[PDB]
Structures are given as C-alpha cells and as structure tokens.
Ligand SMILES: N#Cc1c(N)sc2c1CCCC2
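Let's start with one chain on its own, the form deposited without this ligand, as structure tokens.
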C-alpha cells in the first residue's frame, strides 16, 4: 500500500492540529492545546487508490530554525497553513516556504497553501491576497474551516495529488 509523508506547518494557533484531527477523527478540537510534535497515520481512498497518509503535525514555533530541518527533509508534501483572520500568520507563511525550499534544494516541492478558519467573520486576509501568494509559489490555495470541516478533505486530497504530480507513487 502506497505511503504518503505529509507535514502540516504554519504559525501557532492557525488550526494545524484542528485540521489534522478533523481528518483523522472527524471531530473538531475546540480547545487550544499547542503542539510540540504529533504524528498520525490514516488510510484514505483517493482516486480509487488506498493511501496510507503519515501526517506530521508540527509546532507553530521552534526555538531554533534547525529543529525543523529533519522533518522537512523526510516530508514529501507540505500543507502551509495560515488563518484568514490572522494577518501575521499569513505574513509568516513565506518563512516556512523558504525553509522547506532551502532544506529540499528545490523550487518544485509539493505544497498547498491553506487558509483556515474560514468560518470566522473577522477575515483580514482577502482571498485575492492568498491567491496572489499561492500563484507566486506555483501552488494551489484552498480555504478551509476545521470547525465546520468545509474544505478539509480538499486540502489533504489536493496535497496527495500534488505529491503524485511530482514523483511516482
């Protein structure tokens, strides 16, 4: 069975864990419980193929940038998550992208830009801003709500499809 190594990155509090747990457990984690390191495995049928998704849920902040290097080296595709109600988190996306590109030495790494918390009415990142940034990286942009599950499947399915587009799986 084909295994996919996915990594969820982004600033603290954007909903990386809530997105992953919505995929893994089909439940919305209402509390705030900051992640140090959490990996998950789940089987998912995507385009008629049973896929083993190995998902690494990461910390929003690391004391040393070098602590991310190892899981960026082993990860095959990256969900780069910001929250649409958190302008700083959108501004922080580029640091994750430049670190992943540096560690992989490639401008063609499978990635999806995820704008989460689309249920909240206090939006401050416009969908055109998000599309502009995703276009500048050549990656898809997907709006999600981990609270309602809108777009959660789309984000992970699209990342798997981007991995396949990049390498034989």
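Positions refer to the first chain, counted from 1.
Beyond what is shown, the protein has a form solved in complex with this ligand; the following relates to that form.
With the site C-alphas superimposed, the ligand pose in the deposited bound form sets this ligand onto this chain such that three or more atoms are within 2.4 Å of backbone or C-beta atoms; a blocked site results. Among heavy atoms of residue 123, none comes within 4.5 Å of this ligand in the deposited bound form. Although the partner is absent here, residue 61 sits close enough that one of its heavy atoms falls within 4.5 Å of this ligand in the deposited bound form.
In the deposited bound form, this ligand sits beyond 4.5 Å of every heavy atom of residue 155. This ligand is not shown here, but in the deposited bound form it comes within 4.5 Å of a heavy atom of residue 9.
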